[PDB]
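Reconstructed Cβ throughout: ideal geometry from the backbone, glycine too, with neighbour counts over all protein chains shown. Every read-out reported here was derived from the displayed coordinates using simple, explicitly stated rules and does not represent laboratory data.
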Amino acid sequence: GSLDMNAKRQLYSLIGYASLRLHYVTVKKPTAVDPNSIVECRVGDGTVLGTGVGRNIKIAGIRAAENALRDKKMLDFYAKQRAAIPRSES
RNA sequence: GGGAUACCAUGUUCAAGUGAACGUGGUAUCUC
């Protein structure tokens, strides 16, 4: 595992729909010699699960995704969630 | 000259589960 394609597919393909909405926030103090990149993978309801903090920007992106991908049971739960939804708000 | 972050213009391709990332041209710091 530990790959982009696999992650983006899981999170975006497996999870994510018309409703809800999860994002990725990148925060770090990137230095010429010493680089760092954290990524907060949260969801509309304010739930953070995918936190990938690597050395560069990429590993951060792919690291965060992978972090969430570690919660397969969660991704599925969400999947059934996005489907179970009664297609409404109030 | 090898490499990395950052930025701007733009494109390829990977998977084939289905959706996305990097590359590349050049500027710049730094680094080896």
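If each of A:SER90 and A:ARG55 carries a label point 7 Å out from its Cα toward its Cβ, how far apart are those two points in nm?
Label at A:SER90, label at A:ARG55, 5.3 nm between them.
So how strong a dipole does chain A carry about its Cα centre when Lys and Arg Cβ are +1 and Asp and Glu Cβ are -1, to the nearest 20 debye?
140 debye
Of A:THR26, A:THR31, how do they rank once you tally other Cβ atoms within 10 Å and put the fewest first? Before the final figure, lay out each step's value.
Numbers: A:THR26 15, A:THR31 8.
Placing the least packed residue first, the sequence is A:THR31, A:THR26.
Percent of Cα-Cα pairs more than 21 Å apart in chain A, please.
When all Cα pairs of chain A are counted, 32 percent exceed 21 Å.
Within region A:41-59, which residues have the backbone N less than 20 Å from the label spot 7 Å out from A:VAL33 along Cα→beta-carbon, could you tell me?
Backbone N within reach: A:55-57.
List the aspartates and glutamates whose alpha-carbon lies under 12 Å from that of A:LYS8, not counting same-chain residues fewer than 8 positions away?
A:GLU66
Dividing the alpha-carbon radius of gyration of region A:8-52 by 2.2 N^0.38 Å (N being the number of residues), what value is obtained?
Details: Rg = 13.0 Å, N = 45, 2.2 N^0.38 = 9.3 Å.
Cα Rg divided by the expected 2.2 N^0.38 Å: 1.40.
Give me the distance in nm between label points sitting 7 Å out from Cα along the Cα-to-Cβ direction at A:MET5 and A:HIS23, one decimal.
Those two pseudo-labels are separated by 3.0 nm.
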